[PDB]
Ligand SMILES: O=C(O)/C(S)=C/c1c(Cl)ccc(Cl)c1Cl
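Below you'll find only one chain, the form solved without this ligand, shown as C-alpha cells.
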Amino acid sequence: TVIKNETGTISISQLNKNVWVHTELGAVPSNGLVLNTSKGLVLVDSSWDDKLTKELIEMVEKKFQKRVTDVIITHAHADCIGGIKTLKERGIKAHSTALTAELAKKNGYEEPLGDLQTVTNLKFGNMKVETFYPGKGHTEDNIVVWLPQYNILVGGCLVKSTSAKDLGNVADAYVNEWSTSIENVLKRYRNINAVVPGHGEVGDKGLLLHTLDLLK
C-alpha cells in the first residue's frame, strides 16, 4: 500500500503492519519512518522544510486518525530537521542526541530535546525503538534507529542506496571514520532483515557493505 499527495512530492509506503516509510521530494527524495502505535504516531525524521513537514504530518494524522506524538531526529541536516518549527508548535516531542541539538542551533534551526544517549530504548505502546550513535560518518552526529521486533534498521544518510555511487555532501562528513562507524553498526546488529537508506529504496545488510565499498 502506497499513499501520495496530489502533487506527488510526498508518499508513504507500508513496510509491515505498523511500519511505513515516508518519502518527500525536495527533485531530491528523502526517507523516514512512520510508526503506527496504540498510543499515537511516531516518526523517524521530519522533512526538508516546515511546509512539507506540516503536509506529511497532516497526511498521516488523517490516515491513521491519531496524533503524531514523537519524532526521532537522526541528524542536523534539512532533510531530517527541516520542520522542527512545525513539530514544536504542534506539541510533538523532537528527540535527538545532545550533539544533534547543538549542531541544530548552529545551523539556524530551533533546538530538539537532546535527550538521546549513545544507546536509548523507547517504547511507544507495543512498538519498541532503539537509537544508536555509531560514531562520526555522514555527519558528526548521525545516529541509526533499530526496530528489534522486526529487525529493521534505519540507516539514514550513513547508508547509501543500491544505485548510489556518490556519498553526497561530505563537507560536514568524517569520511575516514565513516567506515568504522558502519562497522560498529554491523557488530551491534548481527541479524538484520531490512535496511532503510537515507535516500533510495529499502534494502538489506548489503547496503551497508555497498556503502563501505564506496568509502574504500
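Quick note: we count residues from 1 along the sequence shown, nothing fancier.
What comes next is about the form solved in complex with this ligand, which is not displayed.
Distance criterion of 4.5 Å from any heavy atom to this ligand in the entry with it bound singles out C157 from the list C157, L153, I57, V34. With the partner removed from view, the residue among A98, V119, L122, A78 that has a non-hydrogen atom within 4.5 Å of this ligand in the entry with it bound turns out to be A78.
Only one of 110-118, 128-136, 78-86, 141-149 lies within 4.5 Å of this ligand in the entry with it bound by heavy atoms, and it is 78-86. Interface membership of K205, defined by any non-hydrogen atom within 4.5 Å of this ligand in the entry with it bound, is ruled out.
Interface residue remark: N184 is not counted as part of the site for this ligand in the entry with it bound, having no heavy atom within 4.5 Å. Mapping the unseen interface onto this chain, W48 counts among the residues with a heavy atom inside 4.5 Å of this ligand in the entry with it bound.
Although the partner is absent here, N169 lies within 4.5 Å of this ligand in the entry with it bound, judged by heavy atoms. Scanning 183-203 for heavy atoms within 4.5 Å of this ligand in the entry with it bound gives just one residue, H199.
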